[PDB]
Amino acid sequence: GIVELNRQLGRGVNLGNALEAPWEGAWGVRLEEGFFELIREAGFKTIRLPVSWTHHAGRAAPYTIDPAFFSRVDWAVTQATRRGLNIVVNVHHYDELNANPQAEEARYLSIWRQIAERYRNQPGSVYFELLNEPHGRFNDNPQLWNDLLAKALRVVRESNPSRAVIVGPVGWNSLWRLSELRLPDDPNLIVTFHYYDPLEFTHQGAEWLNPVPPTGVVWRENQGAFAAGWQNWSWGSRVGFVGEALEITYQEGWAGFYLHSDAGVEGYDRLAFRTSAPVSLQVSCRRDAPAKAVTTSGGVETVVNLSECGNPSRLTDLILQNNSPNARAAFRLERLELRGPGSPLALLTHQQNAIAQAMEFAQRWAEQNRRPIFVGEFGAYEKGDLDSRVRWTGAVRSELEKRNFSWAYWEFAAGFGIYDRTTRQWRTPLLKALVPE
């Protein structure tokens, strides 16, 4: 059973900044035989092996992969199997494929044919991952990635008829894109996504972004936040999480509190909200649609049916607009949630329940499509304070294992690593946030 394989994945870690670089050690990490034993001792069961093959394969057909690089990957797989561990071999970075899928398709398929035919006789502890974090042109048209992964799975199944293949959506394997993912009817598929929300914390001070985001961002389970997948598009207003509620200062006429979700939600019929003071508002759940005028009163809930403010089939935009030509004094939005025949959705929450909501969306998609879930990457950069990193990592791990998700932390050493190669010591708070045995 594919579910049994995905459960045998369990807990794992990434050997990052290694083989996914232009060459091994180019990004700081060279693979050593002792890392596998350390990972086996720490309590993990799986090792995800980021490998970028585009640097070690011919540019012209038949696009042969360099045999020495193949020997390196064979050494990695053998060290993983010798220590009772699973190993996920993937196609990681591939800028030529993401920038031009049509032209690079033949080379990608030949690379995957070589990889599959080489490891066709490996036991069930060896997993395949077609493409890590598809982006670029795959974001422009996820059907390109759907067709390409269909072709790649065809190629793989030509020699591996029942090996677990790990497939993910576009948008850098964002779960908020699972809705656009289309898989064939193959029984042995494992859906994957990478969780790095919020990006303001997990990637703070990441020198490879442009803009490199500010540093010193704190993360706590009580730190106020919006619902997962909802961005703040408010215009002309000071919107800020002060305490457990949300302070809103309408700074000009017809300014509005705006929450946008690229993914969207379905199955909700009315929106409920409560403010600290009486405010006049225009409520809009559909942009370019008739908003509804509602007058508030302090400490008093207000529920407006979505049918009377836009009536959207898929709720993507939500606007509480200052129904006034002038500015207004600051107030506190203390509640904001959507309700329907099923469970509600708290749009105001903390980072903890935001992680919870993200995992709930992922689990709903997984159950409706009947696919096991393996979170391939999650972690916080070292530029954040260690306490916040430990709290975030523990929260994500707990909410992943609540949803029966197999996961692979990012990463083992260096940047997001849990092992300090300099001191030869485990970063114990992070390790216990991962494995509290």
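Heads up: residue numbers just count along the shown sequence, starting at 1.
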item	value
Higher-B stretch (mean Cα B-factor, as the entry records it), 242 to 250 or 115 to 123	242 to 250
Higher-scoring stretch by recorded Cα B factor average, 300 to 308 or 153 to 161	300 to 308
Identity of residue with top Cα B-factor, from 226, 235, 193, 128	235
100, 78, 146, 280, ranked by C-alpha B-factor: the highest one	280
Residue 336, C-alpha B-factor rank within chain (lowest, middle or highest third)	lowest
Modelled-residue ranking by C-alpha temperature factor, third containing residue 425	highest
Residue 393, C-alpha B-factor rank within chain (lowest, middle or highest third)	middle
Position of residue 166 among the chain's modelled residues by C-alpha B-factor, lowest, middle or highest third	lowest
Residue 38 CA temperature factor, ranked by third within the chain	middle
